[PDB]
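All remarks here apply to the structure that follows.
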Amino acid sequence: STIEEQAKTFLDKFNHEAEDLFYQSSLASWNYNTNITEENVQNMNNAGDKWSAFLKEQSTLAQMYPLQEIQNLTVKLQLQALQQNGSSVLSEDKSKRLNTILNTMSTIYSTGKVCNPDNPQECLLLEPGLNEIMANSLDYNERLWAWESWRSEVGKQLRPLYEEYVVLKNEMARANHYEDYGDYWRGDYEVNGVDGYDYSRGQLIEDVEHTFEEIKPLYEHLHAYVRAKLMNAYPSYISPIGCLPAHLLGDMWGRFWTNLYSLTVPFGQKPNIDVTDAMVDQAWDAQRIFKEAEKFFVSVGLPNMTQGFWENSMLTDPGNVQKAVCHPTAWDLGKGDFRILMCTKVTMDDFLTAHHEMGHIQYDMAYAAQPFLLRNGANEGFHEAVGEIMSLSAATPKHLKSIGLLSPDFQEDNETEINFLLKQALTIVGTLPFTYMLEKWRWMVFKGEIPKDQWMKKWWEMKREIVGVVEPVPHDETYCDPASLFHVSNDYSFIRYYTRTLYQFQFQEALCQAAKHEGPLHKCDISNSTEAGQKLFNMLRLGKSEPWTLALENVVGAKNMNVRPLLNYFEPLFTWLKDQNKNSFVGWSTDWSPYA
Amino acid sequence: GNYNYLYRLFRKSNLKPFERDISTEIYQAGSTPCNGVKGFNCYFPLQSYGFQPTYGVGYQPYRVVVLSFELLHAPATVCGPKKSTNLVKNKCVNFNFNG
Ligand SMILES: *[C@@H]1O[C@H](CO)[C@@H](O)[C@H](O)[C@H]1NC(C)=O
Ligand SMILES: *[C@@H]1O[C@H](CO)[C@@H](O)[C@H](O)[C@H]1NC(C)=O
Ligand SMILES: *[C@@H]1O[C@H](CO)[C@@H](O)[C@H](O)[C@H]1NC(C)=O
Ligand SMILES: *[C@@H]1O[C@H](CO)[C@@H](O)[C@H](O)[C@H]1NC(C)=O
Ligand SMILES: *[C@@H]1O[C@H](CO)[C@@H](O)[C@H](O)[C@H]1NC(C)=O
Ligand SMILES: *[C@@H]1O[C@H](CO)[C@@H](O)[C@H](O)[C@H]1NC(C)=O
């Protein structure tokens with residue numbers, strides 16, 4: 001009869017056939033990931049082509065139902081999600097060119113092999129050949145050689161490709177009634193039609209700048225401390241007044257600073273909280289790790305894992321004969337099928353990763369009652385944030401003492417909390433200016449504020465201004481230095497890590513206030529608290545049915561992303577860094593004083 | 001995937017109790033006539049459940065048998081079995097033989 005009932009029946013048929021087809025595609029991807037064989041690749045490609053053709057046909061059929069004659073918010077949300085053209089609005093030649101460009105960037109990044117000139121008989125790939133060198137070497141010119149040679153090869157291959165990529169993506173985005181591709185990425189946080197809880201695409205950049213202005217003193221003090229410690233490690237290269245050299249940050253790009261914990265430890269004489277040896281002494285299998293994680297999730301009041309989870313997941317490396325991807329991934333295959341693909345070792349990192357991926361599984365299980373096209377996070381930040389809060393809670397010494405992994409006579413003094421908080425800041429705080437600078441640069445590239453001949457002159461200017469990192473030698477416009485990273489070269493949004501980082505500590509403060517924890521925020525554990533799990537599950541059950549602002553009101557009581565929980569989390573470390581930076585100079589100079 | 005089990009997804013009105021609908025006529029959700037072709041706004045009523053062994057317990061196939069017991073004015077003849085206490089002779093007992 002009416003247009004709304006027609007759209008509801010069309011959505012019902014859509015949902016029903018989509019769930020099955022997404023299941024078939026996801027199962028083919030699972031069979032590829034646990035068994036890398038060419039027929040599984042062919043089955044994955046066939047299932048993916050069927051899934052994409054089905055999404056094309058339902059996008060073609062959904063647009064015939066006009067939006068303004070539908071009043072139900074969930075139906076309008078699913079119809080808005082379905083009616084996106086995607087690349088279909090672009091011409092077939094340009095769509096084929098864009099797909100070819102994306103695939104060849106994927107092959108260039110995946111099969112990029114770089115080694116030393118005059119010794120070409122064998123070469124090292126990025127993972128794990130160059131990752132281990134970047135994370136463990138202490139030699140200045142070796143890291144400089146690896147950094148400059150990999151940005152030479154990758155940038156000189158990818159620069160015309162990226163110049164075509166920006167034009168094609170801007171053409172596709174303006175064909176979809178967006179200002180640029182940056183506006184297309186910012187449209188994930190756009191809320192329209194809800195009274196009071198509306199969020200705009202232009203408000204996101206203002207909120208990011210407003211939060212980063214409060215991030216900036218803590219990052220300045222951390223940068224000054226890391227600069228002083230790297231001056232101790234490398235005597236003559238680092239200047240007291242200037243920025244950090246780019247190849248000394250412990251990773252290939254500067255994404256994380258967590259590989260500088262050995263060099264920048266405050267109290268080396270004090271012990272670590274490493275529990276690896278205790279699990280080796282008690283012979284903890286990966287099955288015991290996941291059972292302890294399940295005990296953690298039933299302690300907070302969340303549902304326990306299904307029988308199909310234990311039957312169908314691969315929680316151990318299969319062997320030499322069978323090849324599998326080693327990266328830990330939680331799979332919501334559909335139809336109540338939840339799996340974890342992780343090559344779990346007996347380490348603390350794999351235990352925290354198991355908690356993180358089982359948090360992903362719990363988030364996927366919570367919105368199983370929702371319709372298929374609403375089975376996602378409210379934004380891209382929440383899905384990672386609910387895993388990162390489990391990574392926060394599981395890492396606490398109280399959790400290790402509670403499960404018996406730590407000695408009951410372990411002395412928790414202020415020095416171990418300071419160095420633990422510094423490690424968490426090097427992991428968490430250090431990625432924030434890099435993420436903000438990368439996303440702001442990509443937004444200015446898509447918006448056309450920066451011309452193609454001035455991309456790099458601005459970019460290093462941004463890096464000195466924001467990240468406080470100086471280039472070793474100047475780069476001309478033949479280089480493509482951003483696109484050596486995985487997410488930017490393979491068309492992925494990058495603001496999800498910034499939003500995840502802020503939502504992580506907002507959720508942590510909300511659940512610790514729910515759990516009535518009476519100490520420091522980093523000393524807080526959300527185990528044994530049913531009310532914290534209920535407050536979590538109220539947001540978890542919504543999925544994408546409700547706006548992320550309303551979900552954030554449901555958790556923390558605020559209508560916007562907030563920066564104060566992060567600063568409250570690192571406040572002992574902030575006071576300690578302010579005490580330690582009395583003699584030294586906080587802040588950096590954009591001049592060429594260290595090296596150029 | 002077992003596609004042999006189907007379910008009726010649409011119909012203009014709800015079913016009466018103990019009604020069976022085996023019609024395979026194209027559901028008309030819109031004002032336009034379907035004319036027997038599953039085009040725009042016209043969908044097929046019966047949809048399969050792709051039953052796979054790796055499914056969740058809320059999606060696994062369940063065989064359901066519903067037994068309906070009615071009493072009508074005719075004499076009821078499908079009676080549940082009664083038991084037989086071991087016969088005792090030569091003693092004063094309370095006997096119940098076939099009512
Ligand atoms: C992985 O693929 C190989 C190749 O045929 C096959 O022999 C093996 O059984 C597969 N592994 C599993 C667990 O089925
Ligand atoms: C919107 O539709 C859903 C089913 O798709 C229904 O449960 C819900 O009550 C509807 N909301 C309104 C306000 O009509
Ligand atoms: C998708 O593209 C078609 C033309 O190819 C256009 O008519 C339609 O409005 C587009 N969809 C949206 C949501 O703008
Ligand atoms: C999950 O918990 C329920 C109730 O405590 C229990 O019956 C079920 O066996 C548990 N699941 C597993 C896989 O142990
Ligand atoms: C830890 O506490 C003691 C006594 O309260 C103090 O002397 C010491 O400086 C503190 N250390 C740090 C790193 O705050
Ligand atoms: C939380 O509950 C588990 C299971 O009852 C128990 O073993 C653990 O000791 C509890 N935690 C605390 C801090 O008491």
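Each chain of the structure tokens is named A, B, ... in the order shown, its residues numbered from 1; ligands are numbered from 1 in display order.
With a cut-off of 7 Å and using only C-alpha atoms and all ligand atoms, the polymer residues contacting ligand 4 are residues 304, 305, 306 and 307 of chain A.
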Enumerate as a list in words the residues within 9 Å of ligand 3, counting only C-alpha atoms and all ligand atoms.
residues 59, 60, 63, 80, 82, 83, 84, 85, 86, 88, 89, 90, 175, 176 and 177 of chain A
For ligand 6, return the neighbouring residues as a PyMOL selection string (distance at most 6 Å; only C-alpha atoms and all ligand atoms).
chain A and resi 299+402+528
Which chain B residues are at most 7 Å from chain A (counting only C-alpha atoms), as a ChimeraX atom specification?
/B:29-31,41,54-56,59
So which residues of region 114-339 of chain A fall under alpha helix (DSSP H) by DSSP, listed as a ChimeraX atom specification?
/A:131-136,140-175,181-186,201-233,276-282,286-299,307-312
Shell of 10 Å around region 486-493 of chain A, only C-alpha atoms, local chain residues under 6 positions omitted, as a ChimeraX atom specification:
/A:101-110,158,161-162,165,169,182,185-186,380,438-439,442
Generate the output file for the selected residues, N, CA, C and O atoms, as an mmCIF file, in the first residue's frame.
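Result file follows (result-v2.cif):
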```cif
data_model
loop_
_atom_site.group_PDB
_atom_site.id
_atom_site.type_symbol
_atom_site.label_atom_id
_atom_site.label_comp_id
_atom_site.auth_asym_id
_atom_site.auth_seq_id
_atom_site.Cartn_x
_atom_site.Cartn_y
_atom_site.Cartn_z
ATOM 1 N N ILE A 101 43.846 0.592 -9.634
ATOM 2 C CA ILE A 101 44.789 1.375 -8.836
ATOM 3 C C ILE A 101 44.829 0.865 -7.396
ATOM 4 O O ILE A 101 45.910 0.711 -6.812
ATOM 5 N N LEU A 102 43.658 0.571 -6.815
ATOM 6 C CA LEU A 102 43.608 0.031 -5.454
ATOM 7 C C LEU A 102 44.280 -1.338 -5.366
ATOM 8 O O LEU A 102 45.048 -1.602 -4.429
ATOM 9 N N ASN A 103 44.018 -2.213 -6.347
ATOM 10 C CA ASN A 103 44.643 -3.535 -6.358
ATOM 11 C C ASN A 103 46.156 -3.447 -6.542
ATOM 12 O O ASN A 103 46.905 -4.184 -5.887
ATOM 13 N N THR A 104 46.632 -2.556 -7.420
ATOM 14 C CA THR A 104 48.074 -2.480 -7.631
ATOM 15 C C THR A 104 48.771 -1.803 -6.454
ATOM 16 O O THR A 104 49.925 -2.131 -6.166
ATOM 17 N N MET A 105 48.088 -0.898 -5.733
ATOM 18 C CA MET A 105 48.649 -0.391 -4.481
ATOM 19 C C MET A 105 48.732 -1.491 -3.434
ATOM 20 O O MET A 105 49.696 -1.541 -2.658
ATOM 21 N N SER A 106 47.726 -2.374 -3.394
ATOM 22 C CA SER A 106 47.765 -3.514 -2.479
ATOM 23 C C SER A 106 48.929 -4.448 -2.800
ATOM 24 O O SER A 106 49.611 -4.936 -1.890
ATOM 25 N N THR A 107 49.177 -4.699 -4.091
ATOM 26 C CA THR A 107 50.298 -5.560 -4.472
ATOM 27 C C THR A 107 51.644 -4.887 -4.210
ATOM 28 O O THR A 107 52.609 -5.561 -3.831
ATOM 29 N N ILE A 108 51.739 -3.571 -4.439
ATOM 30 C CA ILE A 108 52.981 -2.843 -4.182
ATOM 31 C C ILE A 108 53.304 -2.826 -2.689
ATOM 32 O O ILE A 108 54.454 -3.053 -2.290
ATOM 33 N N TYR A 109 52.295 -2.597 -1.840
ATOM 34 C CA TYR A 109 52.528 -2.616 -0.399
ATOM 35 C C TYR A 109 52.831 -4.023 0.109
ATOM 36 O O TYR A 109 53.716 -4.200 0.955
ATOM 37 N N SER A 110 52.099 -5.030 -0.380
ATOM 38 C CA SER A 110 52.267 -6.382 0.148
ATOM 39 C C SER A 110 53.575 -7.012 -0.319
ATOM 40 O O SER A 110 54.247 -7.704 0.455
ATOM 41 N N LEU A 158 54.527 4.862 -5.772
ATOM 42 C CA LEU A 158 53.142 5.198 -5.460
ATOM 43 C C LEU A 158 52.738 6.644 -5.736
ATOM 44 O O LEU A 158 51.547 6.949 -5.611
ATOM 45 N N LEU A 161 50.414 7.073 -8.779
ATOM 46 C CA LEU A 161 49.238 6.297 -8.406
ATOM 47 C C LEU A 161 48.378 7.053 -7.402
ATOM 48 O O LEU A 161 47.150 7.082 -7.527
ATOM 49 N N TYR A 162 49.008 7.689 -6.409
ATOM 50 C CA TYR A 162 48.248 8.477 -5.443
ATOM 51 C C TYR A 162 47.692 9.754 -6.064
ATOM 52 O O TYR A 162 46.604 10.203 -5.676
ATOM 53 N N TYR A 165 44.727 8.600 -7.681
ATOM 54 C CA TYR A 165 43.795 8.151 -6.651
ATOM 55 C C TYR A 165 42.997 9.306 -6.057
ATOM 56 O O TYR A 165 41.782 9.181 -5.853
ATOM 57 N N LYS A 169 38.964 9.633 -6.479
ATOM 58 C CA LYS A 169 38.139 9.593 -5.277
ATOM 59 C C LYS A 169 37.373 10.897 -5.078
ATOM 60 O O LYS A 169 36.226 10.876 -4.621
ATOM 61 N N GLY A 182 37.158 13.458 1.949
ATOM 62 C CA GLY A 182 37.205 13.667 3.386
ATOM 63 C C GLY A 182 35.828 13.842 3.995
ATOM 64 O O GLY A 182 35.561 13.353 5.092
ATOM 65 N N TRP A 185 34.335 10.394 4.236
ATOM 66 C CA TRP A 185 34.804 9.697 5.432
ATOM 67 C C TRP A 185 34.190 10.270 6.709
ATOM 68 O O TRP A 185 33.854 9.518 7.631
ATOM 69 N N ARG A 186 34.036 11.596 6.786
ATOM 70 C CA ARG A 186 33.404 12.221 7.944
ATOM 71 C C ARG A 186 31.899 11.989 8.011
ATOM 72 O O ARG A 186 31.302 12.234 9.066
ATOM 73 N N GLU A 380 32.680 3.962 13.769
ATOM 74 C CA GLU A 380 33.858 3.109 13.666
ATOM 75 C C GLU A 380 34.710 3.111 14.933
ATOM 76 O O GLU A 380 35.561 2.229 15.088
ATOM 77 N N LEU A 438 47.920 13.077 10.119
ATOM 78 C CA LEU A 438 47.668 12.318 8.898
ATOM 79 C C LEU A 438 46.259 12.553 8.369
ATOM 80 O O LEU A 438 46.068 12.772 7.165
ATOM 81 N N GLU A 439 45.258 12.539 9.261
ATOM 82 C CA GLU A 439 43.887 12.758 8.815
ATOM 83 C C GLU A 439 43.656 14.198 8.370
ATOM 84 O O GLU A 439 42.940 14.430 7.390
ATOM 85 N N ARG A 442 45.254 14.504 4.914
ATOM 86 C CA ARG A 442 44.436 13.861 3.889
ATOM 87 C C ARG A 442 43.167 14.661 3.603
ATOM 88 O O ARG A 442 42.732 14.750 2.447
#
```
At most 7 Å from ligand 1 (only C-alpha atoms and all ligand atoms): residue list as a PyMOL selection string
chain A and resi 35+37+322
Show me which residues line ligand 5, defined as having an atom within 10 Å of a ligand atom where only C-alpha atoms and all ligand atoms count, and present them as a list in words.
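Using only C-alpha atoms and all ligand atoms, I find these residues within 10 Å of ligand 5: residues 266, 267, 413, 414, 415, 416, 417, 418, 419, 572, 573, 575, 576, 577, 579 and 580 of chain A.
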Please write the residues from the selection above to a file, keeping C-alpha atoms, as an mmCIF file, in the first residue's frame.
```cif
data_model
loop_
_atom_site.group_PDB
_atom_site.id
_atom_site.type_symbol
_atom_site.label_atom_id
_atom_site.label_comp_id
_atom_site.auth_asym_id
_atom_site.auth_seq_id
_atom_site.Cartn_x
_atom_site.Cartn_y
_atom_site.Cartn_z
ATOM 1 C CA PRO A 266 62.165 5.639 34.240
ATOM 2 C CA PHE A 267 63.113 2.968 36.793
ATOM 3 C CA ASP A 413 54.438 1.169 44.595
ATOM 4 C CA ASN A 414 54.285 4.434 42.655
ATOM 5 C CA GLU A 415 57.352 3.759 40.458
ATOM 6 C CA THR A 416 55.860 0.696 38.741
ATOM 7 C CA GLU A 417 52.629 2.608 38.134
ATOM 8 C CA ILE A 418 54.634 5.500 36.631
ATOM 9 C CA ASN A 419 56.579 3.270 34.238
ATOM 10 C CA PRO A 572 50.074 10.755 37.917
ATOM 11 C CA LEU A 573 52.316 10.421 34.865
ATOM 12 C CA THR A 575 52.631 15.303 37.307
ATOM 13 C CA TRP A 576 55.736 13.083 37.152
ATOM 14 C CA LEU A 577 56.632 14.404 33.684
ATOM 15 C CA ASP A 579 58.454 17.300 37.783
ATOM 16 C CA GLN A 580 61.059 15.694 35.500
#
```
Two-atom distance - CA of residue 145 (chain A), CA of residue 479 (chain A) (Å)
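So the two atoms, CA of residue 145 (chain A) and CA of residue 479 (chain A), lie 15.5 Å apart.
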Which chain A residues have any atom within 7 Å of an atom of ligand 2, and for each, what is the nearest pair of atoms with distance in Å to one decimal, counting only C-alpha atoms and all ligand atoms, rows sorted by chain and number, as JSON lines?
```
{"residue": "A:8", "atom": "CA", "partner": "ligand 2", "partner_atom_place_in_ligand_line": "5 (O)", "distance": 6.8}
{"residue": "A:72", "atom": "CA", "partner": "ligand 2", "partner_atom_place_in_ligand_line": "12 (C)", "distance": 4.9}
{"residue": "A:73", "atom": "CA", "partner": "ligand 2", "partner_atom_place_in_ligand_line": "1 (C)", "distance": 6.6}
{"residue": "A:74", "atom": "CA", "partner": "ligand 2", "partner_atom_place_in_ligand_line": "1 (C)", "distance": 5.6}
{"residue": "A:75", "atom": "CA", "partner": "ligand 2", "partner_atom_place_in_ligand_line": "2 (O)", "distance": 6.0}
```
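One distance worth recording is that between CA of residue 183 (chain A) and CA of residue 201 (chain A), which is 6.6 Å.
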